[PDB]
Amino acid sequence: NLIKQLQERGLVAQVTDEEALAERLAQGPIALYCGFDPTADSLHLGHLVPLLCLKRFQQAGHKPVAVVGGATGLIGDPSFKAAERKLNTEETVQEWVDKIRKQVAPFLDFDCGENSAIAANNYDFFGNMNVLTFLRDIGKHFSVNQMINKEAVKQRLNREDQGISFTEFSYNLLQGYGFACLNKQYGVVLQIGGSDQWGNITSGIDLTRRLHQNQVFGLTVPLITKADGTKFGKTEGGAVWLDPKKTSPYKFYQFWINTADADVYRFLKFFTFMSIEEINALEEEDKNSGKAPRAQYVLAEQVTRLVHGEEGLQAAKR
């Protein structure tokens, strides 16, 4: 039972219909997806858990689809953000799309038969779409009354000076239509993402039902939190990037070594492919050894090799 195996790692925040999805996974291979927006020229550790979950699903014989947000990255996801995102130029967004497309590739298998990974660009869903087609064919299905109650944007709708553009208010419709398109064109039945994406995923489930009368599912992975409540995934006052030109393999490895004892066994479950039994045995050995814990060393080795391969790991340890 794949959902139960992910639950043992703490990797399931919410599922739209856990029993129906478990029955669907049990029937054999499905196609699933996760989206990644070009907000920078690199993904960071906030993208890593869902990216590794695509690989976990592919290991269980499902077909992962990585969607790069050519269209959505021109709009900006307001979900649980206090302030409007910078509107980037088309030329800048296109350059970041290509960089992010190359970055996701190593995490998935593009050559393993029927469940080979697919990469898609949601620009394909909107590049030929007239404004009037969007507002009518998609917009008619969205209740503004329901949109203003989505937890993801509620904080933006108190004060006008802390408010939201029509631009970012529309984002929910774009990711909603993206699910309907991936279902109709690619046979995708599951979207995963961080818990912040719950409301964008359920809009897609509801819109796919409205447009196509196909039944699809949502599953969210936790936002990564530390026992001490400080922000996860910052190094010397900036993001931990997956790009070694942005965060050196050395700085990446040192980030993992510096993990708190309270966080390290959870982080092994989130960020590595070590079995639950290996992680549980490491916890016990660290508890009943008397020496300083080695969990941090293992985590730094495992994740550094995953993101930067043996070459990056030797560069970090040189």
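Numbering starts at 1 and runs along the sequence shown.
Undergrad: Please compare 18-26 with 290-298 and say which has the higher mean C-alpha temperature factor in the record.
TA: Per the PDB entry, the higher value belongs to 290-298.
Undergrad: Given the B-factors recorded for C-alpha atoms, which segment has the greater mean, 70-78 or 84-92?
TA: Looking at the recorded C-alpha B-factors, 84-92 comes out higher on average.
Undergrad: Choose from 141, 245, 101, 184 the residue with the greatest Cα B-factor as stated in the PDB record.
TA: Across 141, 245, 101, 184, the entry lists the biggest C-alpha B-factor for 245.
Undergrad: Per the entry, which of 205, 120, 108, 239 tops the list for Cα B factor?
TA: Going by the entry's C-alpha B-factors, 239 comes out highest.
Undergrad: Lowest, middle or highest third: which one holds residue 276 when the chain's residues are ordered by CA B-factor from the entry?
TA: Highest third - that is where residue 276 ends up once the chain's C-alpha B-factors are sorted.
Undergrad: Once the chain's modelled residues are ordered by C-alpha B factor and cut into thirds, is residue 112 in the lowest, middle or highest one?
TA: CA B-factor rank for residue 112: highest third.
Undergrad: Grab the CA temperature factor for residue 268 from the record and place it in the lowest, middle or highest third of its chain.
TA: For residue 268, whose C-alpha B-factor we compare with every modelled residue in the chain, the answer is the middle third.
Undergrad: Comparing residue 156 with the other modelled residues of its chain, is its CA B-factor in the lowest, middle or highest third?
TA: It belongs to the middle third of the chain when residues are ordered by C-alpha B-factor.
Undergrad: Taking the values exactly as deposited, rank residue 59 by C-alpha B-factor within its chain and report the matching third: lowest, middle or highest.
TA: For residue 59, whose C-alpha B-factor we compare with every modelled residue in the chain, the answer is the middle third.
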